>>> print(open('protein-v1.pdb').read())   # PDB, N, CA and C atoms
ATOM      1  N   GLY A   1      44.390  60.774  35.120
ATOM      2  CA  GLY A   1      44.746  61.645  36.261
ATOM      3  C   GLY A   1      45.873  61.043  37.080
ATOM      4  N   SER A   2      47.120  61.334  36.695
ATOM      5  CA  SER A   2      48.348  60.883  37.374
ATOM      6  C   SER A   2      48.882  61.960  38.328
ATOM      7  N   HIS A   3      49.418  61.542  39.480
ATOM      8  CA  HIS A   3      50.070  62.409  40.475
ATOM      9  C   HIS A   3      50.949  61.583  41.426
ATOM     10  N   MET A   4      52.169  62.053  41.705
ATOM     11  CA  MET A   4      53.144  61.402  42.600
ATOM     12  C   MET A   4      53.497  62.306  43.799
ATOM     13  N   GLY A   5      52.455  62.856  44.430
ATOM     14  CA  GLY A   5      52.516  63.723  45.610
ATOM     15  C   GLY A   5      52.179  62.970  46.902
ATOM     16  N   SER A   6      51.518  63.663  47.829
ATOM     17  CA  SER A   6      51.002  63.119  49.097
ATOM     18  C   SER A   6      49.855  62.112  48.867
ATOM     19  N   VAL A   7      49.421  61.402  49.918
ATOM     20  CA  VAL A   7      48.275  60.459  49.876
ATOM     21  C   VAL A   7      46.954  61.121  49.429
ATOM     22  N   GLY A   8      46.776  62.420  49.702
ATOM     23  CA  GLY A   8      45.639  63.243  49.269
ATOM     24  C   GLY A   8      45.078  64.106  50.399
ATOM     25  N   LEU A   9      44.588  63.453  51.459
ATOM     26  CA  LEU A   9      44.104  64.094  52.686
ATOM     27  C   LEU A   9      45.227  64.809  53.465
ATOM     28  N   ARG A  10      44.864  65.441  54.585
ATOM     29  CA  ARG A  10      45.775  66.194  55.464
ATOM     30  C   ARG A  10      45.812  65.548  56.846
ATOM     31  N   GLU A  11      44.829  65.867  57.679
ATOM     32  CA  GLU A  11      44.751  65.470  59.093
ATOM     33  C   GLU A  11      43.326  65.128  59.537
ATOM     34  N   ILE A  12      42.320  65.824  58.993
ATOM     35  CA  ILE A  12      40.894  65.564  59.221
ATOM     36  C   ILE A  12      40.486  64.151  58.786
ATOM     37  N   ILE A  13      40.280  63.287  59.778
ATOM     38  CA  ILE A  13      39.925  61.875  59.628
ATOM     39  C   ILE A  13      38.958  61.403  60.723
ATOM     40  N   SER A  14      38.530  60.146  60.616
ATOM     41  CA  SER A  14      37.692  59.412  61.567
ATOM     42  C   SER A  14      38.422  58.168  62.094
ATOM     43  N   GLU A  15      37.779  57.406  62.983
ATOM     44  CA  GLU A  15      38.310  56.151  63.536
ATOM     45  C   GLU A  15      38.808  55.148  62.471
ATOM     46  N   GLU A  16      38.253  55.193  61.256
ATOM     47  CA  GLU A  16      38.639  54.374  60.097
ATOM     48  C   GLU A  16      40.143  54.473  59.783
ATOM     49  N   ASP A  17      40.627  55.683  59.478
ATOM     50  CA  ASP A  17      42.045  55.970  59.258
ATOM     51  C   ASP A  17      42.861  55.628  60.504
ATOM     52  N   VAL A  18      42.377  55.931  61.718
ATOM     53  CA  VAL A  18      43.139  55.671  62.951
ATOM     54  C   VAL A  18      43.565  54.204  63.037
ATOM     55  N   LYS A  19      42.625  53.276  62.823
ATOM     56  CA  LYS A  19      42.892  51.830  62.798
ATOM     57  C   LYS A  19      43.976  51.466  61.772
ATOM     58  N   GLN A  20      43.920  52.055  60.573
ATOM     59  CA  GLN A  20      44.936  51.891  59.529
ATOM     60  C   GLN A  20      46.290  52.464  59.965
ATOM     61  N   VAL A  21      46.342  53.702  60.469
ATOM     62  CA  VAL A  21      47.562  54.387  60.922
ATOM     63  C   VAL A  21      48.338  53.528  61.906
ATOM     64  N   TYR A  22      47.685  53.044  62.965
ATOM     65  CA  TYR A  22      48.306  52.133  63.925
ATOM     66  C   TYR A  22      48.950  50.930  63.222
ATOM     67  N   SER A  23      48.286  50.340  62.223
ATOM     68  CA  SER A  23      48.802  49.230  61.405
ATOM     69  C   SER A  23      50.111  49.545  60.651
ATOM     70  N   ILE A  24      50.395  50.822  60.360
ATOM     71  CA  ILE A  24      51.624  51.303  59.700
ATOM     72  C   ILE A  24      52.819  51.234  60.660
ATOM     73  N   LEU A  25      52.627  51.687  61.904
ATOM     74  CA  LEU A  25      53.648  51.672  62.951
ATOM     75  C   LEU A  25      53.688  50.382  63.788
ATOM     76  N   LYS A  26      52.670  49.516  63.688
ATOM     77  CA  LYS A  26      52.574  48.208  64.366
ATOM     78  C   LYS A  26      53.785  47.305  64.115
ATOM     79  N   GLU A  27      54.418  47.448  62.952
ATOM     80  CA  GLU A  27      55.645  46.742  62.588
ATOM     81  C   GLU A  27      56.898  47.349  63.244
ATOM     82  N   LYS A  28      57.838  46.482  63.632
ATOM     83  CA  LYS A  28      59.109  46.839  64.287
ATOM     84  C   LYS A  28      60.334  46.723  63.373
ATOM     85  N   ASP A  29      60.155  46.155  62.182
ATOM     86  CA  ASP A  29      61.200  45.915  61.176
ATOM     87  C   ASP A  29      61.435  47.131  60.250
ATOM     88  N   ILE A  30      60.789  48.263  60.552
ATOM     89  CA  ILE A  30      60.846  49.527  59.797
ATOM     90  C   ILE A  30      62.118  50.350  60.070
ATOM     91  N   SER A  31      62.907  49.978  61.095
ATOM     92  CA  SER A  31      64.148  50.633  61.551
ATOM     93  C   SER A  31      65.024  51.091  60.377
ATOM     94  N   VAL A  32      65.092  52.412  60.178
ATOM     95  CA  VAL A  32      65.867  53.027  59.092
ATOM     96  C   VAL A  32      67.378  52.950  59.363
ATOM     97  N   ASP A  33      68.177  52.904  58.297
ATOM     98  CA  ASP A  33      69.645  52.876  58.362
ATOM     99  C   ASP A  33      70.232  54.216  58.842
ATOM    100  N   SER A  34      71.379  54.197  59.526
ATOM    101  CA  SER A  34      72.071  55.393  60.046
ATOM    102  C   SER A  34      72.618  56.324  58.954
ATOM    103  N   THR A  35      73.261  55.777  57.918
ATOM    104  CA  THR A  35      73.770  56.546  56.764
ATOM    105  C   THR A  35      72.638  57.291  56.046
ATOM    106  N   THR A  36      71.480  56.639  55.899
ATOM    107  CA  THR A  36      70.261  57.220  55.317
ATOM    108  C   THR A  36      69.498  58.110  56.309
ATOM    109  N   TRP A  37      69.608  57.877  57.624
ATOM    110  CA  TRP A  37      68.918  58.638  58.675
ATOM    111  C   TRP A  37      69.140  60.152  58.550
ATOM    112  N   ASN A  38      70.380  60.562  58.290
ATOM    113  CA  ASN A  38      70.760  61.961  58.095
ATOM    114  C   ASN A  38      69.874  62.677  57.048
ATOM    115  N   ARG A  39      69.599  62.019  55.908
ATOM    116  CA  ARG A  39      68.720  62.522  54.832
ATOM    117  C   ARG A  39      67.242  62.328  55.167
ATOM    118  N   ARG A  40      66.879  61.200  55.787
ATOM    119  CA  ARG A  40      65.517  60.907  56.271
ATOM    120  C   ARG A  40      64.988  61.991  57.199
ATOM    121  N   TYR A  41      65.865  62.576  58.013
ATOM    122  CA  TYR A  41      65.535  63.699  58.882
ATOM    123  C   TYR A  41      64.899  64.842  58.073
ATOM    124  N   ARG A  42      65.454  65.158  56.891
ATOM    125  CA  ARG A  42      64.987  66.223  55.982
ATOM    126  C   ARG A  42      63.583  65.968  55.449
ATOM    127  N   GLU A  43      63.361  64.849  54.755
ATOM    128  CA  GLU A  43      62.028  64.473  54.254
ATOM    129  C   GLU A  43      60.992  64.484  55.387
ATOM    130  N   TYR A  44      61.275  63.792  56.492
ATOM    131  CA  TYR A  44      60.416  63.748  57.672
ATOM    132  C   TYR A  44      60.160  65.137  58.271
ATOM    133  N   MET A  45      61.145  66.042  58.292
ATOM    134  CA  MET A  45      60.984  67.433  58.743
ATOM    135  C   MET A  45      59.906  68.185  57.952
ATOM    136  N   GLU A  46      59.729  67.885  56.665
ATOM    137  CA  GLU A  46      58.684  68.490  55.832
ATOM    138  C   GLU A  46      57.336  67.816  56.065
ATOM    139  N   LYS A  47      57.316  66.487  56.270
ATOM    140  CA  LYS A  47      56.094  65.739  56.611
ATOM    141  C   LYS A  47      55.354  66.301  57.839
ATOM    142  N   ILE A  48      56.004  67.113  58.669
ATOM    143  CA  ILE A  48      55.407  67.753  59.853
ATOM    144  C   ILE A  48      54.467  68.920  59.497
ATOM    145  N   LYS A  49      54.599  69.453  58.276
ATOM    146  CA  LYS A  49      53.899  70.640  57.751
ATOM    147  C   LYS A  49      53.087  70.324  56.493
ATOM    148  N   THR A  50      53.614  69.432  55.647
ATOM    149  CA  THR A  50      53.012  69.024  54.357
ATOM    150  C   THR A  50      52.560  67.562  54.343
ATOM    151  N   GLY A  51      53.116  66.753  55.247
ATOM    152  CA  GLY A  51      52.822  65.332  55.347
ATOM    153  C   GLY A  51      51.452  65.095  55.954
ATOM    154  N   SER A  52      50.804  64.066  55.440
ATOM    155  CA  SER A  52      49.491  63.628  55.887
ATOM    156  C   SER A  52      49.569  62.836  57.198
ATOM    157  N   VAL A  53      48.425  62.551  57.808
ATOM    158  CA  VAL A  53      48.259  61.718  59.014
ATOM    159  C   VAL A  53      49.019  60.386  58.950
ATOM    160  N   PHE A  54      48.854  59.643  57.851
ATOM    161  CA  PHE A  54      49.547  58.381  57.594
ATOM    162  C   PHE A  54      51.081  58.545  57.555
ATOM    163  N   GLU A  55      51.568  59.733  57.185
ATOM    164  CA  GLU A  55      52.986  60.104  57.189
ATOM    165  C   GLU A  55      53.470  60.570  58.576
ATOM    166  N   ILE A  56      52.762  61.469  59.278
ATOM    167  CA  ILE A  56      53.094  61.922  60.650
ATOM    168  C   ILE A  56      53.369  60.746  61.583
ATOM    169  N   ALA A  57      52.477  59.759  61.570
ATOM    170  CA  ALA A  57      52.646  58.573  62.393
ATOM    171  C   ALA A  57      53.938  57.802  62.043
ATOM    172  N   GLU A  58      54.260  57.641  60.751
ATOM    173  CA  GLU A  58      55.514  57.020  60.295
ATOM    174  C   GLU A  58      56.745  57.820  60.747
ATOM    175  N   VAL A  59      56.662  59.154  60.723
ATOM    176  CA  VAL A  59      57.747  60.066  61.104
ATOM    177  C   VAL A  59      58.165  59.809  62.550
ATOM    178  N   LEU A  60      57.291  60.110  63.517
ATOM    179  CA  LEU A  60      57.578  59.907  64.941
ATOM    180  C   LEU A  60      58.014  58.461  65.254
ATOM    181  N   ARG A  61      57.443  57.475  64.552
ATOM    182  CA  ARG A  61      57.740  56.045  64.687
ATOM    183  C   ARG A  61      59.185  55.753  64.329
ATOM    184  N   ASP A  62      59.619  56.186  63.144
ATOM    185  CA  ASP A  62      61.013  56.060  62.731
ATOM    186  C   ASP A  62      61.934  56.639  63.802
ATOM    187  N   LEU A  63      61.706  57.893  64.217
ATOM    188  CA  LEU A  63      62.492  58.554  65.265
ATOM    189  C   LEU A  63      62.540  57.764  66.583
ATOM    190  N   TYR A  64      61.433  57.136  66.981
ATOM    191  CA  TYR A  64      61.387  56.279  68.162
ATOM    192  C   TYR A  64      62.271  55.030  68.018
ATOM    193  N   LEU A  65      62.142  54.291  66.910
ATOM    194  CA  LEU A  65      62.932  53.077  66.664
ATOM    195  C   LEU A  65      64.412  53.362  66.362
ATOM    196  N   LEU A  66      64.721  54.545  65.831
ATOM    197  CA  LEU A  66      66.075  55.045  65.569
ATOM    198  C   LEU A  66      66.942  55.111  66.829
ATOM    199  N   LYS A  67      66.319  55.427  67.966
ATOM    200  CA  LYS A  67      66.957  55.458  69.286
ATOM    201  C   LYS A  67      66.925  54.083  69.973
ATOM    202  N   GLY A  68      65.910  53.262  69.685
ATOM    203  CA  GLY A  68      65.724  51.933  70.283
ATOM    204  C   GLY A  68      65.389  51.972  71.782
ATOM    205  N   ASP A  69      64.898  53.115  72.275
ATOM    206  CA  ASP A  69      64.596  53.389  73.684
ATOM    207  C   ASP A  69      63.432  54.391  73.824
ATOM    208  N   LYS A  70      62.962  54.630  75.054
ATOM    209  CA  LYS A  70      61.801  55.481  75.362
ATOM    210  C   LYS A  70      62.155  56.966  75.373
ATOM    211  N   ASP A  71      63.076  57.343  76.259
ATOM    212  CA  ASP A  71      63.547  58.718  76.419
ATOM    213  C   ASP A  71      64.522  59.065  75.286
ATOM    214  N   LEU A  72      63.978  59.531  74.156
ATOM    215  CA  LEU A  72      64.767  59.852  72.966
ATOM    216  C   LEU A  72      65.813  60.942  73.254
ATOM    217  N   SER A  73      66.894  60.966  72.467
ATOM    218  CA  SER A  73      67.935  61.992  72.609
ATOM    219  C   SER A  73      67.385  63.374  72.243
ATOM    220  N   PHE A  74      68.075  64.449  72.638
ATOM    221  CA  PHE A  74      67.693  65.823  72.295
ATOM    222  C   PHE A  74      67.490  66.003  70.781
ATOM    223  N   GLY A  75      68.339  65.368  69.959
ATOM    224  CA  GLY A  75      68.244  65.441  68.500
ATOM    225  C   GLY A  75      66.943  64.850  67.957
ATOM    226  N   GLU A  76      66.578  63.614  68.312
ATOM    227  CA  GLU A  76      65.304  63.025  67.868
ATOM    228  C   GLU A  76      64.107  63.744  68.512
ATOM    229  N   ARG A  77      64.197  64.077  69.807
ATOM    230  CA  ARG A  77      63.169  64.816  70.552
ATOM    231  C   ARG A  77      62.781  66.135  69.883
ATOM    232  N   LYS A  78      63.703  66.844  69.218
ATOM    233  CA  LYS A  78      63.417  68.105  68.507
ATOM    234  C   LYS A  78      62.270  67.980  67.498
ATOM    235  N   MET A  79      62.402  67.095  66.508
ATOM    236  CA  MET A  79      61.363  66.861  65.493
ATOM    237  C   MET A  79      60.197  66.022  66.038
ATOM    238  N   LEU A  80      60.495  65.011  66.865
ATOM    239  CA  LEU A  80      59.493  64.168  67.518
ATOM    240  C   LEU A  80      58.496  64.998  68.340
ATOM    241  N   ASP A  81      58.941  65.985  69.120
ATOM    242  CA  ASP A  81      58.084  66.902  69.890
ATOM    243  C   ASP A  81      56.958  67.514  69.038
ATOM    244  N   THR A  82      57.265  67.871  67.790
ATOM    245  CA  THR A  82      56.290  68.379  66.823
ATOM    246  C   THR A  82      55.390  67.252  66.302
ATOM    247  N   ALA A  83      55.970  66.162  65.773
ATOM    248  CA  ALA A  83      55.222  64.992  65.291
ATOM    249  C   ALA A  83      54.303  64.368  66.363
ATOM    250  N   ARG A  84      54.658  64.427  67.652
ATOM    251  CA  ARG A  84      53.861  63.980  68.813
ATOM    252  C   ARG A  84      52.569  64.765  68.933
ATOM    253  N   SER A  85      52.667  66.096  68.963
ATOM    254  CA  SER A  85      51.507  66.990  69.059
ATOM    255  C   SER A  85      50.529  66.824  67.887
ATOM    256  N   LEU A  86      51.001  66.299  66.750
ATOM    257  CA  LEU A  86      50.205  65.970  65.565
ATOM    258  C   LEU A  86      49.704  64.512  65.552
ATOM    259  N   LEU A  87      50.496  63.571  66.073
ATOM    260  CA  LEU A  87      50.149  62.159  66.232
ATOM    261  C   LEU A  87      48.832  62.036  66.987
ATOM    262  N   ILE A  88      48.790  62.559  68.212
ATOM    263  CA  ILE A  88      47.576  62.450  69.015
ATOM    264  C   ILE A  88      46.429  63.323  68.491
ATOM    265  N   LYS A  89      46.707  64.344  67.668
ATOM    266  CA  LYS A  89      45.730  65.311  67.125
ATOM    267  C   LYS A  89      44.749  64.664  66.152
ATOM    268  N   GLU A  90      45.262  63.940  65.167
ATOM    269  CA  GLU A  90      44.452  63.173  64.212
ATOM    270  C   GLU A  90      43.805  61.958  64.898
ATOM    271  N   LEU A  91      44.592  61.197  65.667
ATOM    272  CA  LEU A  91      44.143  60.003  66.382
ATOM    273  C   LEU A  91      43.161  60.319  67.533
ATOM    274  N   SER A  92      43.086  61.584  67.976
ATOM    275  CA  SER A  92      42.171  62.141  68.993
ATOM    276  C   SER A  92      40.722  61.679  68.828
ATOM    277  N   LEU A  93      40.274  61.544  67.577
ATOM    278  CA  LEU A  93      38.937  61.083  67.224
ATOM    279  C   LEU A  93      38.630  59.688  67.804
ATOM    280  N   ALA A  94      39.459  58.693  67.479
ATOM    281  CA  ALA A  94      39.357  57.326  68.002
ATOM    282  C   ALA A  94      39.859  57.158  69.449
ATOM    283  N   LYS A  95      40.690  58.081  69.956
ATOM    284  CA  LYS A  95      41.182  58.085  71.348
ATOM    285  C   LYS A  95      40.033  58.072  72.360
ATOM    286  N   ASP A  96      39.024  58.919  72.132
ATOM    287  CA  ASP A  96      37.846  59.129  72.991
ATOM    288  C   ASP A  96      38.202  59.266  74.501
ATOM    289  N   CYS A  97      39.326  59.932  74.808
ATOM    290  CA  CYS A  97      39.932  60.054  76.146
ATOM    291  C   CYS A  97      41.061  61.113  76.183
ATOM    292  N   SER A  98      41.895  61.107  77.230
ATOM    293  CA  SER A  98      43.083  61.974  77.374
ATOM    294  C   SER A  98      44.152  61.653  76.314
ATOM    295  N   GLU A  99      45.093  62.573  76.053
ATOM    296  CA  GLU A  99      46.203  62.357  75.094
ATOM    297  C   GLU A  99      47.036  61.108  75.409
ATOM    298  N   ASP A 100      47.098  60.718  76.689
ATOM    299  CA  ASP A 100      47.750  59.502  77.185
ATOM    300  C   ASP A 100      47.285  58.246  76.437
ATOM    301  N   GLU A 101      46.066  58.210  75.889
ATOM    302  CA  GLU A 101      45.581  57.069  75.119
ATOM    303  C   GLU A 101      46.521  56.738  73.952
ATOM    304  N   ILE A 102      46.840  57.728  73.112
ATOM    305  CA  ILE A 102      47.790  57.604  72.001
ATOM    306  C   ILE A 102      49.244  57.731  72.463
ATOM    307  N   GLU A 103      49.565  58.734  73.290
ATOM    308  CA  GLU A 103      50.931  58.995  73.770
ATOM    309  C   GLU A 103      51.532  57.767  74.475
ATOM    310  N   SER A 104      50.760  57.139  75.369
ATOM    311  CA  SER A 104      51.136  55.905  76.060
ATOM    312  C   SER A 104      51.065  54.685  75.141
ATOM    313  N   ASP A 105      50.101  54.610  74.211
ATOM    314  CA  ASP A 105      50.031  53.519  73.219
ATOM    315  C   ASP A 105      51.314  53.387  72.390
ATOM    316  N   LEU A 106      52.126  54.446  72.266
ATOM    317  CA  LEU A 106      53.419  54.380  71.584
ATOM    318  C   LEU A 106      54.289  53.255  72.144
ATOM    319  N   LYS A 107      54.245  53.037  73.465
ATOM    320  CA  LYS A 107      54.968  51.951  74.135
ATOM    321  C   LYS A 107      54.540  50.562  73.672
ATOM    322  N   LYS A 108      53.264  50.395  73.327
ATOM    323  CA  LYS A 108      52.644  49.165  72.818
ATOM    324  C   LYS A 108      52.907  48.951  71.326
ATOM    325  N   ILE A 109      53.152  50.035  70.590
ATOM    326  CA  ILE A 109      53.438  50.022  69.156
ATOM    327  C   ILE A 109      54.942  49.826  68.898
ATOM    328  N   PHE A 110      55.788  50.749  69.372
ATOM    329  CA  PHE A 110      57.250  50.721  69.230
ATOM    330  C   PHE A 110      57.940  49.792  70.259
ATOM    331  N   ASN A 111      57.169  49.096  71.108
ATOM    332  CA  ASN A 111      57.609  48.165  72.163
ATOM    333  C   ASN A 111      58.634  48.786  73.144
ATOM    334  N   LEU A 112      58.277  49.939  73.718
ATOM    335  CA  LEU A 112      59.112  50.753  74.620
ATOM    336  C   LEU A 112      58.936  50.352  76.100
ATOM    337  N   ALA A 113      57.709  49.978  76.484
ATOM    338  CA  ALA A 113      57.282  49.548  77.825
ATOM    339  C   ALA A 113      56.131  48.511  77.746
TER
END
>>> encode(input="protein-v1.pdb", output="structure tokens")
Amino acid sequence: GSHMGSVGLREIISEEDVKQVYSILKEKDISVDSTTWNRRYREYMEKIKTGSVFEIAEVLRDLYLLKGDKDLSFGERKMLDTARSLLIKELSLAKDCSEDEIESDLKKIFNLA
């Protein structure tokens, strides 16, 4: 049984995956190249609809480190606005609080504040 698609799951997860997801974005050396960024926008744009939880978190993360700052540009904010509403949605399980738990934790992950 071979397949080179998505990880398998969608968004329905528990605190188990949440701990793993944070570990994916915990690294700061993931900063994508500018020449490749133009094409990365395309793949990541589909990850918002077809991409799994482990992918959504990588998407918004790349966009955050691509700017190297907190208040992202209008261009990154366009796709990030969607990936944000999905970031806290899956992680909501382990959040056990307001959206600020994950939304503000971005500063601790991407080192913004």
>>> resolve_selection(input="protein-v1.pdb", expression="the PyMOL selection byres (((chain A and resi 103-113 and name CA) around 12) and name CA)", output="mmCIF file with N, CA and C atoms, in the frame of the given file")
data_model
loop_
_atom_site.group_PDB
_atom_site.id
_atom_site.type_symbol
_atom_site.label_atom_id
_atom_site.label_comp_id
_atom_site.auth_asym_id
_atom_site.auth_seq_id
_atom_site.Cartn_x
_atom_site.Cartn_y
_atom_site.Cartn_z
ATOM 1 N N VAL A 21 46.342 53.702 60.469
ATOM 2 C CA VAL A 21 47.562 54.387 60.922
ATOM 3 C C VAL A 21 48.338 53.528 61.906
ATOM 4 N N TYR A 22 47.685 53.044 62.965
ATOM 5 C CA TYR A 22 48.306 52.133 63.925
ATOM 6 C C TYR A 22 48.950 50.930 63.222
ATOM 7 N N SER A 23 48.286 50.340 62.223
ATOM 8 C CA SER A 23 48.802 49.230 61.405
ATOM 9 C C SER A 23 50.111 49.545 60.651
ATOM 10 N N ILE A 24 50.395 50.822 60.360
ATOM 11 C CA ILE A 24 51.624 51.303 59.700
ATOM 12 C C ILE A 24 52.819 51.234 60.660
ATOM 13 N N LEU A 25 52.627 51.687 61.904
ATOM 14 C CA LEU A 25 53.648 51.672 62.951
ATOM 15 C C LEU A 25 53.688 50.382 63.788
ATOM 16 N N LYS A 26 52.670 49.516 63.688
ATOM 17 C CA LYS A 26 52.574 48.208 64.366
ATOM 18 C C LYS A 26 53.785 47.305 64.115
ATOM 19 N N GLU A 27 54.418 47.448 62.952
ATOM 20 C CA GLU A 27 55.645 46.742 62.588
ATOM 21 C C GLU A 27 56.898 47.349 63.244
ATOM 22 N N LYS A 28 57.838 46.482 63.632
ATOM 23 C CA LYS A 28 59.109 46.839 64.287
ATOM 24 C C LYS A 28 60.334 46.723 63.373
ATOM 25 N N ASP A 29 60.155 46.155 62.182
ATOM 26 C CA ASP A 29 61.200 45.915 61.176
ATOM 27 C C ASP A 29 61.435 47.131 60.250
ATOM 28 N N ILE A 30 60.789 48.263 60.552
ATOM 29 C CA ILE A 30 60.846 49.527 59.797
ATOM 30 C C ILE A 30 62.118 50.350 60.070
ATOM 31 N N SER A 31 62.907 49.978 61.095
ATOM 32 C CA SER A 31 64.148 50.633 61.551
ATOM 33 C C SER A 31 65.024 51.091 60.377
ATOM 34 N N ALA A 57 52.477 59.759 61.570
ATOM 35 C CA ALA A 57 52.646 58.573 62.393
ATOM 36 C C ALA A 57 53.938 57.802 62.043
ATOM 37 N N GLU A 58 54.260 57.641 60.751
ATOM 38 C CA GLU A 58 55.514 57.020 60.295
ATOM 39 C C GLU A 58 56.745 57.820 60.747
ATOM 40 N N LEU A 60 57.291 60.110 63.517
ATOM 41 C CA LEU A 60 57.578 59.907 64.941
ATOM 42 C C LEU A 60 58.014 58.461 65.254
ATOM 43 N N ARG A 61 57.443 57.475 64.552
ATOM 44 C CA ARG A 61 57.740 56.045 64.687
ATOM 45 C C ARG A 61 59.185 55.753 64.329
ATOM 46 N N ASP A 62 59.619 56.186 63.144
ATOM 47 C CA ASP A 62 61.013 56.060 62.731
ATOM 48 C C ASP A 62 61.934 56.639 63.802
ATOM 49 N N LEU A 63 61.706 57.893 64.217
ATOM 50 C CA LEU A 63 62.492 58.554 65.265
ATOM 51 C C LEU A 63 62.540 57.764 66.583
ATOM 52 N N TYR A 64 61.433 57.136 66.981
ATOM 53 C CA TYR A 64 61.387 56.279 68.162
ATOM 54 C C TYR A 64 62.271 55.030 68.018
ATOM 55 N N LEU A 65 62.142 54.291 66.910
ATOM 56 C CA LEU A 65 62.932 53.077 66.664
ATOM 57 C C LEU A 65 64.412 53.362 66.362
ATOM 58 N N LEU A 66 64.721 54.545 65.831
ATOM 59 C CA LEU A 66 66.075 55.045 65.569
ATOM 60 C C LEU A 66 66.942 55.111 66.829
ATOM 61 N N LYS A 67 66.319 55.427 67.966
ATOM 62 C CA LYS A 67 66.957 55.458 69.286
ATOM 63 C C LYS A 67 66.925 54.083 69.973
ATOM 64 N N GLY A 68 65.910 53.262 69.685
ATOM 65 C CA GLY A 68 65.724 51.933 70.283
ATOM 66 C C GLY A 68 65.389 51.972 71.782
ATOM 67 N N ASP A 69 64.898 53.115 72.275
ATOM 68 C CA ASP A 69 64.596 53.389 73.684
ATOM 69 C C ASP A 69 63.432 54.391 73.824
ATOM 70 N N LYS A 70 62.962 54.630 75.054
ATOM 71 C CA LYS A 70 61.801 55.481 75.362
ATOM 72 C C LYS A 70 62.155 56.966 75.373
ATOM 73 N N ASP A 71 63.076 57.343 76.259
ATOM 74 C CA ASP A 71 63.547 58.718 76.419
ATOM 75 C C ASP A 71 64.522 59.065 75.286
ATOM 76 N N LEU A 72 63.978 59.531 74.156
ATOM 77 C CA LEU A 72 64.767 59.852 72.966
ATOM 78 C C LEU A 72 65.813 60.942 73.254
ATOM 79 N N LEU A 80 60.495 65.011 66.865
ATOM 80 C CA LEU A 80 59.493 64.168 67.518
ATOM 81 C C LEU A 80 58.496 64.998 68.340
ATOM 82 N N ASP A 81 58.941 65.985 69.120
ATOM 83 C CA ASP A 81 58.084 66.902 69.890
ATOM 84 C C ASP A 81 56.958 67.514 69.038
ATOM 85 N N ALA A 83 55.970 66.162 65.773
ATOM 86 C CA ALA A 83 55.222 64.992 65.291
ATOM 87 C C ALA A 83 54.303 64.368 66.363
ATOM 88 N N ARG A 84 54.658 64.427 67.652
ATOM 89 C CA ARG A 84 53.861 63.980 68.813
ATOM 90 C C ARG A 84 52.569 64.765 68.933
ATOM 91 N N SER A 85 52.667 66.096 68.963
ATOM 92 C CA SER A 85 51.507 66.990 69.059
ATOM 93 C C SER A 85 50.529 66.824 67.887
ATOM 94 N N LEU A 86 51.001 66.299 66.750
ATOM 95 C CA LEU A 86 50.205 65.970 65.565
ATOM 96 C C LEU A 86 49.704 64.512 65.552
ATOM 97 N N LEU A 87 50.496 63.571 66.073
ATOM 98 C CA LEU A 87 50.149 62.159 66.232
ATOM 99 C C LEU A 87 48.832 62.036 66.987
ATOM 100 N N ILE A 88 48.790 62.559 68.212
ATOM 101 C CA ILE A 88 47.576 62.450 69.015
ATOM 102 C C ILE A 88 46.429 63.323 68.491
ATOM 103 N N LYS A 89 46.707 64.344 67.668
ATOM 104 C CA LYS A 89 45.730 65.311 67.125
ATOM 105 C C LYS A 89 44.749 64.664 66.152
ATOM 106 N N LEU A 91 44.592 61.197 65.667
ATOM 107 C CA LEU A 91 44.143 60.003 66.382
ATOM 108 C C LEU A 91 43.161 60.319 67.533
ATOM 109 N N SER A 92 43.086 61.584 67.976
ATOM 110 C CA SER A 92 42.171 62.141 68.993
ATOM 111 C C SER A 92 40.722 61.679 68.828
ATOM 112 N N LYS A 95 40.690 58.081 69.956
ATOM 113 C CA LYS A 95 41.182 58.085 71.348
ATOM 114 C C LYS A 95 40.033 58.072 72.360
ATOM 115 N N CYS A 97 39.326 59.932 74.808
ATOM 116 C CA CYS A 97 39.932 60.054 76.146
ATOM 117 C C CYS A 97 41.061 61.113 76.183
ATOM 118 N N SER A 98 41.895 61.107 77.230
ATOM 119 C CA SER A 98 43.083 61.974 77.374
ATOM 120 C C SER A 98 44.152 61.653 76.314
ATOM 121 N N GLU A 99 45.093 62.573 76.053
ATOM 122 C CA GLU A 99 46.203 62.357 75.094
ATOM 123 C C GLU A 99 47.036 61.108 75.409
ATOM 124 N N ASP A 100 47.098 60.718 76.689
ATOM 125 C CA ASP A 100 47.750 59.502 77.185
ATOM 126 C C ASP A 100 47.285 58.246 76.437
ATOM 127 N N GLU A 101 46.066 58.210 75.889
ATOM 128 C CA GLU A 101 45.581 57.069 75.119
ATOM 129 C C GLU A 101 46.521 56.738 73.952
ATOM 130 N N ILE A 102 46.840 57.728 73.112
ATOM 131 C CA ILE A 102 47.790 57.604 72.001
ATOM 132 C C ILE A 102 49.244 57.731 72.463
#
>>> atom_distance(input="protein-v1.pdb", atom1="atom N of residue 5 in chain A", atom2="atom C of residue 35 in chain A")
23.9 Å
>>> resolve_selection(input="protein-v1.pdb", expression="the PyMOL selection byres ((chain A and resi 9-19) around 6.5)", output="ChimeraX atom specification")
/A:6-8,20-23,51-53,90-91,93-94
>>> atom_distance(input="protein-v1.pdb", atom1="CA of residue 44 in chain A", atom2="CA of residue 59 in chain A")
5.7 Å
>>> atom_distance(input="protein-v1.pdb", atom1="atom C of residue 36 in chain A", atom2="atom C of residue 78 in chain A")
16.6 Å
>>> select_by_dssp(input="protein-v1.pdb", residues="range 27-62 of chain A", states="helix (DSSP H, G or I)", output="count of residues only")
24
